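Chemist: Before anything else, here's the structure in question.
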Amino acid sequence: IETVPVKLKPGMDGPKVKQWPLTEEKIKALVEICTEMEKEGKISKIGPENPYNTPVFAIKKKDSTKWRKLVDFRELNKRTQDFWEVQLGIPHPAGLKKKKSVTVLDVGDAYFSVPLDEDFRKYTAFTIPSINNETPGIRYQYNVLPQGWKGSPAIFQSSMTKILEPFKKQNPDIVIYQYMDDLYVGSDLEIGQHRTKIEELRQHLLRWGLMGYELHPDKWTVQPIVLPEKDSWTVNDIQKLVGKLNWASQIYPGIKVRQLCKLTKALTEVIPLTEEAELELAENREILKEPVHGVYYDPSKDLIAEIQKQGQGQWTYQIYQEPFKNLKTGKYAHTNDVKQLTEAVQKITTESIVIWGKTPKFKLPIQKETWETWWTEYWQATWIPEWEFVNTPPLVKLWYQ
Amino acid sequence: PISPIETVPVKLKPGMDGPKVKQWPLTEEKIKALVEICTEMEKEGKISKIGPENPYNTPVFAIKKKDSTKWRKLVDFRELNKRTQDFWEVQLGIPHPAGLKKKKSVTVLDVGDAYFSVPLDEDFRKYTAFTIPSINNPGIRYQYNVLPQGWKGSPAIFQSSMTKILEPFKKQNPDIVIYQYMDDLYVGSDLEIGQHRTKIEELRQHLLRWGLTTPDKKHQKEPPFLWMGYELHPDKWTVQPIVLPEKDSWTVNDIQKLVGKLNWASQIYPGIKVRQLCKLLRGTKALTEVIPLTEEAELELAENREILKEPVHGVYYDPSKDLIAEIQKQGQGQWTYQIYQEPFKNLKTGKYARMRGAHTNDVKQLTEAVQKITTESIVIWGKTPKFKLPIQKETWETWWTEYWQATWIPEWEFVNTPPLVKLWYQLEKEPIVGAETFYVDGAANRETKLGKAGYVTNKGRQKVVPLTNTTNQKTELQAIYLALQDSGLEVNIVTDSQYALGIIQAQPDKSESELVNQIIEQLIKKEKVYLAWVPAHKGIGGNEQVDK
Ligand SMILES: O=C1c2ccccc2C(=O)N1CCOC(=S)Nc1ccc(Br)cc1
């Protein structure tokens, strides 16, 4: 029946964002993928009386050759904020992360059922561009729950709950989280049965539709910080040692870089093992294979993700809210920098989404213009996190090497 | 006429209402005029008389038109405009002649009284009310039924109004290309003389059925064309005639215009430098100032005037064929490039100087250009071109891999245009056996601008120069530099401040900064340099000592 009187944040207008210049194949795809959609009544053109705009891209499923259309409601979401968050937002089960394995299900084509609050349809305006701007460019609007939009789940919520009732009822141990367009379900059931239970779940959906993605958070554990083991030891090697310990010292309340640091000298000159500095590495090594004591997750502040590139298709990433207060730190491994990072990001995000229920702020070690040109090609997720390009400090890259 | 097209529901902003602005008396004939004009527009329906009920009004003045001796009705809507709404941007981007597919026959049509031919929204006409004064404050007032000239939504609505009015006919003729730039229709087809002119009388009728008039049968226009600074033939394209009248004295202005004209010609004219002409534009100059033409300039202008001599021409696009794009090193921070499909018949040229960044090495500079060109090719031809570059697949690999940041060029080949791009020096992966260890350091009094940059050594040595007006961020790039001169060819250096490390750590091969520069040649001279860092002010052998 009638829709949820969607209401924006007083003291702000809709979004108005330029359309990315898109390749021929993405434009083709979108125009077709969009002709039907209106046909299907899910959208309809719009007059010039609509100032608003949102970017949109085309992506491919799981490497598959079928184009999925991706709208970037990144902005709009901020404008709706309080509504989808402090209004009807869905809570987050700390249970998820704990399950032995979690499948991620794309259940967003469901929204295209529920109707969008008419008076709110204008905000969802987007635009299919044109090669060399030789023709104006088709302009559309949503008259239903859009996908990449954070407003959709909050609304569809109530429905979703009901759809899941019976199932959940029959296995009060499966934990179903919901974050934009996708459903996260976890269970400690050996794989076979999990896969079963998920496929079984699939079935419920089908009807309300008016195995898969195997992910196992349980086996996650913070990437330690390693200090070489050597056997020779020279100024340089020991000089770097402390340098690192200097950084460590920073965080990890307890780090001790004295006996070592206290040991002029010639660079290439090798030396021994300090009678009783051994306990330095020994003791220090310890607290490093450890989780930063004193660091906790603040829900009121948002998450921040940092990635540095270490040659050899290797990448190290830390997650924190307060510089040098790491909550998470891991790594990740047609070979191009851009693709790999794009993957790392998605990887990081997911984990983040599974741990805290929100996406981090990314600091991408790359030229904006370049990322801002290629990311789509290897992008598959149905969400888009916040990012900001930077220049990697020198030693850093090393300290996490 | 007034198009029978549907209307666009216009609207005001939320907490706002119509415009009401005192209409201040006009002069004798100005009135006479405005009355004459208005009578006609009404005689057609452009306007219609409103009672005294309409609370709303916007000022209206006339103005003598230079041509012949006629007045023109002119109505500032500043108010009705400030109070109106926002519209889908009319401005978004112009095509580029190079992006255009090649057509056989082509003709432009200009639209009669466009604006006054599109019917404004009924429920909005009330807000356009304006008043023709009496020789001295009885009154007489009108309203708009069509799009007012200086309004605000007028542009948008028109553009929209026309796309549709054009929609069908297009469906009817999928092969045709129509482009809409203001009071102008550009029509292109590969069909020849015979069925093109006929193909037009067609469009003409179509446009008429929808209320728009056009130039006469034998009363139109043919290429070359002028448009946004271009000259457009149905097979080729160029920038419009660019003249440089001879002159001995150039005002700051003169040359700005010069530089401007020149930067434009570079879309199609290969080999146009304006670098020694931008120098000349250095400092708080005052437009009217006369500037001497430092040798470089003069030389330029000529080689510029030369290249210009011969008229040149870009070609159009062939969707089937690939896009070849090949860059060239043109000298210290300057890069030129051409894009083409066949022998060497460019579709467009272009250049690149965007040398932002403090310290930079060719490689990067070169890559940056690829990016630049990449995006550019994407919007014009909806696809990325294959690249041919003045760099060895290897010299690149070596770089991109050791480098911290992320990169990715599309597909490219090596060319041998002999200003090849290379790494002018390499740091040392590990320390160096039998090399003076240099614990360097730069200091300074934070409140006097005086410090001291010295260095020790595992070999007993010791030194310290007297630094005048330098910040840590400069004395440090001096603790090093020093250690570069007093050491042999193979050294070990050790500084604090990631800063110094940062910059050097990044094999930069030229900087806007003499000092760094120096410390560059120094390296290009050496034969083995290892750069190491340590926790600034701590109890560390070496660094401690130097700390005095
Ligand atoms: O006719 C025009 C224009 C005229 C001026 C500026 C832009 C265009 C345009 O996109 N179109 C439609 C496409 O035209 C194409 S594909 N090819 C042309 C068109 C017109 C000429 Br003179 C030469 C080549």
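Methodologically, a virtual Cβ is constructed for each residue, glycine included, from the backbone with ideal geometry; neighbour enumeration extends over all protein chains shown. The numbers here are math on the coordinates, done by the rules we state, and not lab data.
Chemist: Of the options A:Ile46, A:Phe167, A:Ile138, report the single residue whose Cα projects farthest towards the positive end of the charge dipole of chain A (beta-carbon charges: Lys, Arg +1; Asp, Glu -1).
Modeler: A:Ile46
Chemist: For B:405-418, what's the mean count of beta carbons from other chains sitting within 10 Å of each residue's beta carbon? Kindly include the intermediate steps, with their values, before the conclusion.
Modeler: Details: counts 12, 19, 7, 13, 3, 2, 0, 0, 0, 0, 0, 0, 0, 0.
Counting other chains' Cβ atoms within 10 Å and averaging over B:405-418 gives 4.
Chemist: With a cap of 13 neighbouring Cβ atoms within 10 Å, and only residues DSSP puts in a loop, list the trypsin sites (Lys or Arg not before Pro) found in region B:264-295. Write out the running numbers ahead of the final one.
Modeler: Numbers: sites: B:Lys273, B:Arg275, B:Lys279, B:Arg282, B:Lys285; in loops: B:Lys273, B:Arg282, B:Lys285.
Within region B:264-295, the qualifying trypsin sites (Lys or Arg not before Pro) (loop, at most 13 other Cβ atoms within 10 Å) are B:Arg282.
Chemist: Then there is this: At q = 0.12, 0.22 Å⁻¹, what log₁₀ I(q)/I(0) does a Debye calculation on the Cα points of region A:297-401 give, no solvent, two decimals?
Modeler: -0.37, -1.31
Chemist: A further question follows. Relative contact order for region B:400-548: what is it in percent, counting Cα pairs under 8 Å that are at least 6 residues apart? Kindly include the intermediate steps, with their values, before the conclusion.
Modeler: On the way: 244 pairs, mean separation 39.6, N = 149.
In percent, rounded to a whole number, it is 27.
Chemist: Using a 7 Å offset from the Cα along the Cα-to-Cβ direction at both B:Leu287 and B:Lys321, what is the distance between the two label points in nm, to one decimal?
Modeler: The answer from the label model is 4.6 nm.
Chemist: Starting from a Cα-only point model with no solvent, please compute log10 I(q)/I(0) by Debye for the protein assembly as shown at q = 0.04, 0.05, 0.07 1/Å.
Modeler: -0.28, -0.44, -0.84
Chemist: Hey, could you grab the Kirkwood Rh for region A:225-296? Inverse mean 1/r over distinct alpha carbon pairs, Å, one decimal. List each step's numbers first, then the result.
Modeler: Values: mean 1/r = 0.0777 Å⁻¹.
Averaging 1/r across every pair of different Cα atoms and inverting gives 12.9 Å.
Chemist: Related question: Across peptide A:265-278, how many C-beta atoms of other chains are within 10 Å of each residue C-beta, on average?
Modeler: Going residue by residue through A:265-278 and averaging, the value is 3.
Chemist: Past 24 Å, Cα to Cα, is the threshold; run A:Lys240/A:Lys361; A:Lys28/B:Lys199; B:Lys104/B:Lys171; B:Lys261/B:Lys285; A:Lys97/A:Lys358 against it and keep the listed order. Can you show the working numbers first?
Modeler: Values: A:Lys240/A:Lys361 31 Å; A:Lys28/B:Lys199 28 Å; B:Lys104/B:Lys171 21 Å; B:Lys261/B:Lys285 20 Å; A:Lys97/A:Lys358 13 Å.
In this structure, A:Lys240/A:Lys361; A:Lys28/B:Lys199 exceed 24 Å between Cα atoms.
Chemist: Pop a pseudo-label 7 angstrom from the Cα along the beta-carbon direction at both A:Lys7 and B:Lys525 and give the gap in nm to one decimal.
Modeler: 7.5
Chemist: Which whole-number percent of Cα pairs in region B:425-548 have a distance greater than 25 Å?
Modeler: Numbers: 1226 of 7626 pairs.
Here the long-distance tail beyond 25 Å is 16 percent of all Cα pairs in region B:425-548.
Chemist: Expressed as a rounded percentage, what relative contact order does region B:318-424 have, with Cα pairs under 8 Å and six or more residues apart? Numbers along the way, then the final one.
Modeler: Numbers: 148 pairs, mean separation 29.9, N = 107.
The normalised contact order for region B:318-424 reaches 28 percent.
Chemist: Sticking with this one: How do the peptides A:50-62, B:149-161 rank, highest first, by the average count of neighbouring beta carbon atoms within 10 Å per residue?
Modeler: On the way: A:50-62: 18.2, B:149-161: 21.0.
The packing order, highest mean first, is B:149-161, A:50-62.
Chemist: Moving on. With equal scatterers on the alpha carbons only and no solvent term, can you work out the Debye log10 of I(q)/I(0) for region B:318-424 at 0.12 1/Å?
Modeler: -0.40
Chemist: OK, next. Do the sum for chain A: with -39,500 (n - 2.57) for every DSSP H run of n ≥ 4, divided by all residues, what is the mean residue ellipticity at 222 nm, to the nearest 500 deg cm²/dmol? Numbers along the way, then the final one.
Modeler: Working: 10 runs with 124 residues, N = 401.
Calculated from helices alone, the mean residue ellipticity at 222 nm is -9500 deg cm²/dmol.
Chemist: Within region B:157-221, report the trypsin sites (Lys or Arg not before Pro) that DSSP leaves as loop and that have at most 16 other Cβ atoms within 10 Å. Walk me through the intermediate numbers first.
Modeler: On the way: sites: B:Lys164, B:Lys170, B:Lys171, B:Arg197, B:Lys199, B:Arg204, B:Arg209, B:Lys217, B:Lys218, B:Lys221; in loops: B:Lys217, B:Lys218, B:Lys221.
Qualifying residues, ordered by number: B:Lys217, B:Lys218, B:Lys221.
Chemist: Here is a further query. Can you tell me the dipole magnitude for the protein assembly as shown around its Cα centre, using point charges on the Cβ only (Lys, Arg +1; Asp, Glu -1), in Debye to the nearest 20? Walk me through the intermediate numbers first.
Modeler: Values: 130 positive and 123 negative charges, 344 e Å.
Value, rounded to 20: 1660 debye.
Chemist: Pop the C-beta distance of A:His293 and A:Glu118 into the FRET formula with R0 = 51 Å and round what comes out to the nearest 0.05. Numbers along the way, then the final one.
Modeler: Working: r = 54 Å, r/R0 = 1.06.
Efficiency computed from Cβ-Cβ geometry: 0.40.
Chemist: To continue, here is another question. Measure off 7 Å from each Cα along the Cα-to-Cβ vector at B:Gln205 and A:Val396, then give the distance between these two points in nanometres to one decimal.
Modeler: If labels sit at B:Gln205 and A:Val396, their model points lie 6.9 nm apart.
Chemist: Between A:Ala333 and A:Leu279, what length comes free when the chain is fully extended (0.36 nm per residue of separation minus the Cα-Cα distance, one decimal in nm)? If you can, show how the numbers build up before the last one.
Modeler: On the way: separation 54, 0.36 × 54 = 19.44 nm, distance 3.36 nm.
Length difference between fully extended and current span is 16.1 nm.
Chemist: Moving on. Enter the mean number of other protein chain beta carbons within 10 Å of the beta carbon of each residue in A:47-59, as an integer. Walk me through the numbers before you get to the answer.
Modeler: Numbers: counts 12, 15, 13, 5, 6, 2, 3, 0, 0, 0, 0, 0, 0.
Shielding by partners across A:47-59 averages 4.
Chemist: Here's something else I'd like to know. Estimate the FRET efficiency between B:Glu342 and A:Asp173 by the formula 1/(1 + (r/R0)^6), using the beta-carbon distance for r and 51 Å for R0, to the nearest 0.05. Could the numbers behind the result be given before it?
Modeler: Details: r = 68 Å, r/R0 = 1.33.
That gives a FRET efficiency of 0.15.
Chemist: In the structure displayed, which of A:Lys39/A:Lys368; A:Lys61/B:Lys372; A:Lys16/B:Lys46; A:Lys26/B:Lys164 lie more than 31 Å apart, Cα to Cα? All intermediate terms of the calculation are to be shown ahead of the outcome.
Modeler: Numbers: A:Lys39/A:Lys368 37 Å; A:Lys61/B:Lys372 29 Å; A:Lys16/B:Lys46 34 Å; A:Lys26/B:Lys164 24 Å.
Going by Cα-Cα distance, A:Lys39/A:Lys368; A:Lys16/B:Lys46 fall outside the 31 Å limit.
Chemist: Using just the helices of chain B, give the 222 nm mean residue ellipticity in deg cm²/dmol: DSSP H runs with n ≥ 4 each add -39,500 (n - 2.57), and the total is spread over all residues, rounded to 500. Could the numbers behind the result be given before it?
Modeler: Details: 13 runs with 159 residues, N = 548.
Helix contribution divided over all residues of chain B: -9000 deg cm²/dmol.
Chemist: Now a separate question. For region B:168-258, state which GluC sites (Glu not before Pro) are in a DSSP loop and have at most 14 other beta carbons lying within 10 Å of their beta carbon.
Modeler: Filter output for region B:168-258: B:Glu192, B:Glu246.
Chemist: Set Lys and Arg Cβ to +1 and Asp and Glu Cβ to -1, take the dipole of the protein assembly as shown about its Cα centre, and tell me which of B:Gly153, A:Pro10, A:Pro153 lies farthest positive.
Modeler: Projecting each Cα onto the dipole axis, the largest value belongs to B:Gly153.
Chemist: Now for a separate question. For region B:224-317, restrict the atom set to alpha-carbon positions and state the Rg and Dmax in Å.
Modeler: Cα-based Rg and Dmax for region B:224-317 come out at 14.7, 45 Å.
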